[PDB]
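In what follows, every chain begins at residue 1, and chains take the letters A, B, ... in the order their sequences are listed. Worth knowing before you read on, the calculation uses all heavy atoms, side chains too, and leaves out hydrogens, waters and symmetry mates.
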Amino acid sequence: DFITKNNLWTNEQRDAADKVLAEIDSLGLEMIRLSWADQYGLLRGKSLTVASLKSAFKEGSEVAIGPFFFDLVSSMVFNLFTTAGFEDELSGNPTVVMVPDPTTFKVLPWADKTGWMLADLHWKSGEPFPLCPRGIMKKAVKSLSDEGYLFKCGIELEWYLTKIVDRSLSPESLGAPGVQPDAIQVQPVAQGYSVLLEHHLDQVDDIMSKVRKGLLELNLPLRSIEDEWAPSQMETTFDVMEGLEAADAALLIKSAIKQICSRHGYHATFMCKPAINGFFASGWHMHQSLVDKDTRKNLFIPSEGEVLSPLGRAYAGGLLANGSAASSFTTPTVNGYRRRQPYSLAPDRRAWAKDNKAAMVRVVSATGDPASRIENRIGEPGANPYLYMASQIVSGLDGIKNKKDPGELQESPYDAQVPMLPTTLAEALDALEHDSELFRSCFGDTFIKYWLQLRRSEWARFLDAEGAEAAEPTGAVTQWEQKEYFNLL
Amino acid sequence: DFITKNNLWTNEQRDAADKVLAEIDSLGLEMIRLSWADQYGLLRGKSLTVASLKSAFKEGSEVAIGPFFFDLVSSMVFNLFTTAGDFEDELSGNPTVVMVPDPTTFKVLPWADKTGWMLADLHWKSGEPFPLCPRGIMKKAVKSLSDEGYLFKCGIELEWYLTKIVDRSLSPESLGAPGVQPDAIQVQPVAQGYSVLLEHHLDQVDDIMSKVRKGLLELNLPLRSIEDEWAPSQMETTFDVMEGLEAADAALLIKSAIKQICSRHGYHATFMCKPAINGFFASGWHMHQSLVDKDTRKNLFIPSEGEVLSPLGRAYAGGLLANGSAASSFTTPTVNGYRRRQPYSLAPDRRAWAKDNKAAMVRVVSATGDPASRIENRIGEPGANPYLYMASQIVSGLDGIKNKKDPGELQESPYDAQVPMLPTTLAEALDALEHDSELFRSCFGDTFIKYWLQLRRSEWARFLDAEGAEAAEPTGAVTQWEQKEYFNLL
Ligand SMILES: Nc1ncnc2c1ncn2[C@@H]1O[C@H](COP(=O)(O)OP(=O)(O)O)[C@@H](O)[C@H]1O
Ligand SMILES: Nc1ncnc2c1ncn2[C@@H]1O[C@H](COP(=O)(O)OP(=O)(O)O)[C@@H](O)[C@H]1O
Ligand SMILES: C[S@](=O)(CC[C@H](N)C(=O)O)=NP(=O)(O)O
Ligand SMILES: C[S@](=O)(CC[C@H](N)C(=O)O)=NP(=O)(O)O
Ligand SMILES: [Mg+2]
Ligand SMILES: [Mg+2]
Ligand SMILES: [Mn+2]
Ligand SMILES: [Mn+2]
Ligand SMILES: [Mn+2]
Ligand SMILES: [Mn+2]
């Protein structure tokens, strides 16, 4: 019993495991997917039979770390054939153990008799695997809990709904290791640039009603479905969730949207800005408040003369001060930097403002209002949820602990004289490299080295394919971006 | 609790909220839409889950005012990125407002999956009403009329086009851009025409029209008649008398339901006045209106033996006529609607009233002692914003009542009357409003009028740059700009 021997499950987790096995027998489920987010936030793993899952509830399930050493097209960035003497060399294909987390169990409503659960990656020694994004989120959550606070997050996701025309499965379109396969061919499902039009919601509801039902059956706190600005651009928002549960929920939300749509011949994409005429950039704005661990009261609520409590003001200051170093985490994709431009309802600057969607940090609050909170509009829909939320926790807590000041609330953020944000992924990586202390301390030195190496390899690929001129945010979306992100994100 | 704090719900509304939640639970609904009319009369908003709606019955639901600062194709007319120090003076920024649900408007949408529907009033986070909300302008008109002791009674008679969709124009090359018109939906007529009121036409189109009929009846809208209008595929739907804000709400829902049901079955219903399709003649929205007593609920327009209307109704008509040019942009808000401002079209080109003559702006339908006695204002277009159209009527008529204005002589031949001509272009309607702005600045609000003038002139400049002055003349052919501006959404 690997799990008990290394005391990897709390009592809550073990009892949850008992009730999960009961639900599996009662429903007659036949498969249970055991998955974990990779560096890109994509779910990787295996589907197990009932017997194999009950065995994994004791021994775990051995898996290889290959995904971490691959980019999205399986370029070998770190050599996988040499057993290392690991955290210093980042080489080899060592085996890790998927340790199931029973509290995350779900029945997938769109699949045949299939359940679903996340796993934490552990060395066979029993120590956590240092590249696991979920582990990084757990570390951030624990540091926040050590400071006496809980992270409350409202998930607000923009994405694109399209109808599949060709799945690009012909042999000649499959690429190779390090060679992008062809993008799926699609057709928009509705005109746009008539924001929040009810008729648009009705027009697409033959499929969106299935997405809605799937989310509701997964017991996710769906809050709203909305027609976004662009043609076929949708928005789904969720009620407030807390910490690790919130990150897991975002992961499942994106997975479920994509799988339901594909099951009915649609392609949902969280690629920031697809290379399709008429498609405007999508954003992932992170609504966030801190509550007291004990009182469970929103500690961002302002007084009469304030936009935020002094605690929320310092949290905003930390968000702004670290927004450049954290850019590669909030906006991991090269195509996410298409949003780094003015007059776009997306931030190009490290500025905060009250109820102004031109700013990076938008304060939504009223005196005494427990909904008072920060909206960070820097994120992209394809961000790894664990890294996005952990970067937010780390930045805000750095602001609180070092009592950093956000400065003046900016009326007219796009004319503000504040430090500019990175305009390319390379700039974001540069910003992290030269200001790495906070994230090396909180995310881990080994992880930051691995991250820098991998993301720079991807940037070199993009630059080799398209050239430097293309990186310009206002430029047209390149085919490299489409063939890197459209299918999988 | 935003709603209770600012005393935004009456007791009737709170009771309705309780029953709305009970019906939602009993029917097992999963989504409830919260919608509101924008400046154009188009429903904007969100679809909420049950839990989120239950929260919105206490705190409301935040939204941005973006729609008000966009035109139909999302040209940014007002800077949305500089927050204003004084919003009503600068009209800039993207401030947040609160959708406050109105539980008395709740409906189950019969054509959708487990979906309810409700209107919301936009309120500042301070708790004050949002000054550009069309429903608020109507609420203000209903209040001013009630203060004088009268109730607005309106019979909705909308004309519209029913076509079958051939191509939804969803190819990426057809989607447009911010401020750039997308391609019009391609359609096909459903029946020949120029055989007015033919029963066989009604039967021919009834495979879908029966669905529209059932949808309207299940929404408890007081449908009165379905009729074959003159042109090929031109329909008419009329409704029994409704009152004030409820009448405006009903018109809005009526148009929304017609369009959604038709689209659900592969048809396109359009309230664009005159589509750029060969053979399609202009559609009209004639507003039938009477005033009743707030207490006796008896028609105060009913004439005596030697009169076509009571003195109140004759003074109400005078107010309509005197202010008909200033109100033109409200009754006839689209460029395309001014294709009706021509002299032998059963549509008005002049500020004249007449008894039972459909050539005049104001047609009096009455008989001595007949509670059906009323005024028909034939100036409106089907694509009008119901709130602004009905409110313009209330405002003009009450102005006529208070100034005891004389409608003048009933015109036997309204198209030969030597009376002021009505504006022939949207630009002219805006000029007329600007030069005669007192009444509508006072009753609709000064900020709303400044905003309206700026927005509509920006749209007119777009049309003029795209088609030229030669095109504006009413009898000219309908331009591609008009089709691509109005066909899909109106
Ligand atoms: N105290 C809070 N802390 C964090 N998020 C919150 C809080 N209260 C509400 N939210 C969240 O804020 C989000 C609002 O989404 P949305 O209505 O799209 O905002 P906007 O469109 O103005 O950015 C929801 O995800 C909701 O869960
Ligand atoms: N007292 C009244 N006040 C306002 N409208 C009325 C009154 N009595 C009847 N109506 C309305 O008059 C309209 C008649 O429509 P219709 O017969 O199509 O008009 P038309 O005579 O122009 O063809 C209906 O909408 C009906 O509700
Ligand atoms: C209306 S928008 O500002 C659109 C944002 C844009 N798609 C972007 O962030 O790139 N999102 P929201 O109003 O929900 O906060
Ligand atoms: C037969 S008609 O006179 C023609 C109306 C025309 N479509 C118009 O443009 O106003 N309308 P209605 O019967 O409702 O009075
Ligand atoms: Mg939003
Ligand atoms: Mg009629
Ligand atoms: Mn949005
Ligand atoms: Mn947002
Ligand atoms: Mn007619
Ligand atoms: Mn009529």
Side-chain angles (χ1 to χ4, degrees), chain A residues 106-107 109-110 152-159 161 196-198 200-228 234-242 245-246 248-250 252-257 260-261 268 285 287 370-371 373, chain B residues 1-3 16-36 43-63 98-103 105-120:
Chain A
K106 301 282 188 186
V107 182
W110 62 84
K152 298 297 193 177
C153 178
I155 296 159
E156 175 197 24
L157 275 162
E158 289 170 355
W159 49 282
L161 172 60
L196 301 174
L197 195 76
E198 198 196 305
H200 283 167
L201 285 179
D202 195 74
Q203 204 191 312
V204 301
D205 206 42
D206 39 357
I207 181 57
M208 271 308 302
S209 60
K210 294 173 178 64
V211 173
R212 169 235 298 177
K213 285 166 196 302
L215 294 166
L216 292 170
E217 284 157 36
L218 288 167
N219 302 295
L220 295 159
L222 183 72
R223 168 172 178 274
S224 81
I225 293 161
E226 325 172 13
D227 170 47
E228 248 302 308
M234 316 288 313
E235 189 177 311
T236 57
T237 77
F238 296 78
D239 289 322
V240 168
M241 291 183 100
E242 179 191 311
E245 294 70 63
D248 296 342
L252 177 61
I253 283 161
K254 286 161 66 178
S255 180
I257 291 171
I260 297 163
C261 285
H285 314 153
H287 290 253
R373 63 193 192 268
Chain B
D1 195 333
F2 179 82
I3 295 163
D18 297 332
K19 283 189 182 183
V20 163
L21 291 178
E23 190 170 32
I24 281 157
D25 204 82
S26 89
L27 294 175
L29 304 186
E30 299 175 339
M31 299 292 305
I32 299 90
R33 291 175 192 173
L34 246 60
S35 301
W36 42 272
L43 289 166
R44 314 261 175 198
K46 308 183 181 205
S47 61
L48 300 184
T49 60
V50 170
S52 179
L53 183 79
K54 286 165 171 177
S55 305
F57 278 18
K58 290 280 287 295
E59 73 204 74
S61 178
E62 276 173 12
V63 52
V98 184
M99 296 183 303
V100 183
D102 187 346
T105 66
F106 177 75
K107 303 280 189 187
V108 180
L109 302 185
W111 61 84
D113 181 305
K114 294 182 176 178
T115 298
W117 179 93
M118 271 177 0
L119 290 181

- [ ] Working to the nearest 0.5 Å, report the span between NZ of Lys106(A) and OG of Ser255(A).
- [x] 12.5 Å
Task: For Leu218(A) against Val107(A), the heavy-atom pair lying closest together - done: CD2-O, 3.4 Å
TODO: Kindly compute the distance separating OG1 (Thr237(A)) from CG (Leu222(A)), expressed to the nearest 0.5 Å.
DONE: 7.0 Å
TODO: Can you measure from CD (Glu156(A)) to CZ (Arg223(A)) and round to the nearest 0.5 angstrom?
DONE: 8.0 Å
Task: Residues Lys46(B), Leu34(B); criterion side-chain contact (heavy atoms from CB on, under 4.5 Å); working and verdict - done: CA-CA 6 Å; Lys46(B) 308 183 181 205; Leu34(B) 246 60; 5.6 Å; no
TODO: Kindly indicate whether the side chain of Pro221(A), heavy atoms from C-beta on, has any atom under 4.5 Å from the side chain of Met241(A).
DONE: yes
TODO: Tell me, with the steps shown, if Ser47(B) and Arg33(B) meet side-chain contact (heavy atoms from CB on, under 4.5 Å).
DONE: CA-CA 4 Å; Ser47(B) 61; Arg33(B) 291 175 192 173; 4.0 Å; yes
Open item on the list: Between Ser61(B) and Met99(B) (side chain of the first, backbone of the second, donor and acceptor by atom type, cut-off under 3.5 Å), is there such a pair?
Closed with: no
Open item on the list: Taking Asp113(B) first and then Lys210(A), would you say they form a salt bridge - that is, a charged N and a carboxylate O separated by under 4.0 Å?
Closed with: no
TODO: Show your reasoning for whether side-chain contact (heavy atoms from CB on, under 4.5 Å) applies to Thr115(B) and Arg212(A).
DONE: CA-CA 12 Å; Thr115(B) 298; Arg212(A) 169 235 298 177; 3.7 Å; yes
Open item on the list: Can you tell me how far apart CE (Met31(B)) and CD1 (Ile225(A)) are? Round to the nearest 0.5 Å.
Closed with: 4.0 Å
- [ ] I would like to know whether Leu201(A) and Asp205(A) meet side-chain contact (heavy atoms from CB on, under 4.5 Å); could you show each step before the answer?
- [x] CA-CA 6 Å; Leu201(A) 285 179; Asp205(A) 206 42; over 6 Å; no
Could you pull out every donor-acceptor pair under 3.5 Å between side chains of residues 16-26 of chain B and any protein atom, sequence neighbours left out?
from	atom 1	to	atom 2	distance (Å)
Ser26(B)	OG	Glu23(B)	O	3.3

Open item on the list: Given 3.5 Å as the limit, does a donor-acceptor pair link the side chain of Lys152(A) with the main chain of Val240(A), or not?
Closed with: no
Task: Over all atoms of both residues, closest heavy-atom pair of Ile260(A) and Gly214(A) - done: CD1-CA, 4.0 Å
- [ ] Could you check if a side-chain atom of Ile253(A) sits within less than 4.5 angstrom of a side-chain atom of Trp159(A), using non-hydrogen atoms only?
- [x] no
- [ ] Please round to the nearest 0.5 Å and tell me the distance separating atom NE2 of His285(A) and atom CG of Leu157(A).
- [x] 10.0 Å
Task: Nearest-0.5 Å distance that lies between atom OG1 in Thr236(A) and atom CD1 in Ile257(A) - done: 4.0 Å
Open item on the list: I need the minimum non-hydrogen distance between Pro101(B) and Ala56(B), along with the two atoms involved.
Closed with: CD-O, 3.7 Å
- [ ] Write down the atom of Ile3(B), the atom of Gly60(B), and the distance for their closest heavy-atom approach.
- [x] CD1-N, 4.3 Å
Task: Considering all heavy atoms, the nearest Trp36(B)-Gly45(B) contact - done: NE1-CA, 4.0 Å
Open item on the list: Is any side-chain heavy atom of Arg44(B) closer than 4.5 Å to one of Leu197(A)?
Closed with: yes
Task: Check: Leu119(B) main-chain N/O paired with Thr105(B) side-chain donor or acceptor under 3.5 Å - done: yes
- [ ] For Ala250(A) and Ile155(A), work out which heavy atoms get closest and say how close.
- [x] N-CD1, 3.9 Å
